[PDB]
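A.B. asks: Dropping a structure here in structure tokens format, bear with me for questions.
Nothing in this text is a laboratory measurement; each read-out follows from the coordinates by a stated rule. Note that each Cβ is placed from the backbone with ideal geometry, even for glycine, and that neighbours are counted across all protein chains shown.
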Amino acid sequence: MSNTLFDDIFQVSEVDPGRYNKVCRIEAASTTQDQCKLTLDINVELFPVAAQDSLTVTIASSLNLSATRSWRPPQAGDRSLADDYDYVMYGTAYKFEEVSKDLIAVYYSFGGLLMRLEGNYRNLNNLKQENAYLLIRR
Amino acid sequence: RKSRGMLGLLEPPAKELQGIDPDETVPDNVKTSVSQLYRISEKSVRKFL
Amino acid sequence: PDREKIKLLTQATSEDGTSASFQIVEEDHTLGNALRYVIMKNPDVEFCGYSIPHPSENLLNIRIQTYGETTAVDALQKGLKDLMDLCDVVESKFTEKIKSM
Amino acid sequence: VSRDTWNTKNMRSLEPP
């Protein structure tokens, strides 16, 4: 509930694999947010995406709502987010840029899978922190 | 800062109310937007120097 | 009592276990890979991997990092025992098939 | 064929030299 930083439904326009066999760069425009655009690299053998399909895209922190320092998966029966999402990535917002007055772009790297999210009014929701989950469901 | 309508304090200010912060009239929205876009801390400048 | 076969590498070992490097002499990819697979099938193990540091040495460093449940030594012991049980299963199946034919 | 030799023959050569 309070851990989702961004949430929108996107209509995919283009899915081009550029010299790739499992990663595509999808282009999607928002629904009812005419200014919000989305460019996203997706593993399409885990989450296949076709041109003109509806994607519910959510950005959240704290997906699950020791000093071992190595990431440990949550328990199998854990009531967490991503139960209702088909594709989840973990990355970091490393760049905020202005594309025009009242319009900014946010850049995420999910281990090299890049996402560029564009919009206007998200200033109290999107930050430059490691905690950023991308949740996509068809 | 000035493209957001608020004051771009390139030059130091000099007035009677120079003590008060010039971002009080801003309604907490473009402040966090500007901090989202450019946020240059004193520690960062000193480390760069 | 072979005190030279397997050695805990103290420099590459965490406090209170859960992370360790073991140096095993006269062993190579054969045991290293099978042991690594079996150990990785342990839910407590978060990092298993071996390396042969140099071809000129009959030597093998296997790395185990666990969570807080068990130690790297216990993970290695469980992996070795599970490798033995796997080999027993294979031997029994092969023997019964050979006898039947 | 189809006859076990490992069961009946003690493996001496498998001992570590």
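A.B. asks: Once every DSSP H run of n ≥ 4 in the protein assembly as shown is given -39500 (n - 2.57) and the sum is divided by its residues, what mean residue ellipticity at 222 nm do you get, rounded to the nearest 500 deg cm²/dmol?
C.D. replies: Value at 222 nm, helices only, nearest 500: -6000 deg cm²/dmol.
A.B. asks: Cα gyration tensor of chain A, axes a ≥ b ≥ c as square roots of the eigenvalues: rounded (a/c below 1.5), prolate (a/b > b/c) or oblate?
C.D. replies: Judged from the Cα gyration tensor, chain A comes out oblate (a/c at least 1.5, b/c at or above a/b).
A.B. asks: Counting other Cβ atoms within 10 Å, keep those with at most 15, restrict to DSSP loop, and tell me which GluC sites (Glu not before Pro) in chain B are left.
C.D. replies: Sites meeting the loop and neighbour criteria: B:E24.
A.B. asks: Between B:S44 and A:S61, what FRET efficiency follows from the Cβ-Cβ distance if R0 is 22 Å, with the result rounded to 0.05?
C.D. replies: After rounding to 0.05, the efficiency reads 0.40.
A.B. asks: Turning to a different aspect of this structure: Straight-line reach from C:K5: which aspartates and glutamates have Cα under 19 Å away, leaving out those fewer than 8 places along the same chain?
C.D. replies: Candidates past the 8-residue exclusion: C:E26, C:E27, C:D28, C:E57, C:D74, D:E15.
A.B. asks: Still on this model: Show me the trypsin sites (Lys or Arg not before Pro) within chain B that DSSP assigns to loop and that have at most 12 other Cβ atoms within 10 Å of their Cβ.
C.D. replies: B:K15, B:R39
A.B. asks: Right, another one. Report the FRET efficiency, 1/(1 + (r/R0)^6), for D:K9 and A:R69, where r is their Cβ-Cβ distance and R0 is 51 Å, rounded to 0.05.
C.D. replies: The calculated FRET efficiency here is 0.45.
A.B. asks: Another question about this same structure. In terms of Cα to Cα distance under 22 Å, which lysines are near enough to B:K43, apart from those fewer than 8 places away along the same chain?
C.D. replies: A:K95, A:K128, B:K31
A.B. asks: Take A:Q129 and A:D7, extend 7 Å from each Cα along the Cα→Cβ direction, and tell me the distance between the two endpoints in nm.
C.D. replies: About 1.8 nm separates the two model spin labels.
A.B. asks: Answer rounded, prolate or oblate for chain B, using the Cα gyration tensor with square roots of eigenvalues a ≥ b ≥ c: rounded when a/c is under 1.5, else prolate when a/b is larger than b/c, else oblate.
C.D. replies: Oblate, since a/c reaches 1.5 and b/c is not below a/b.
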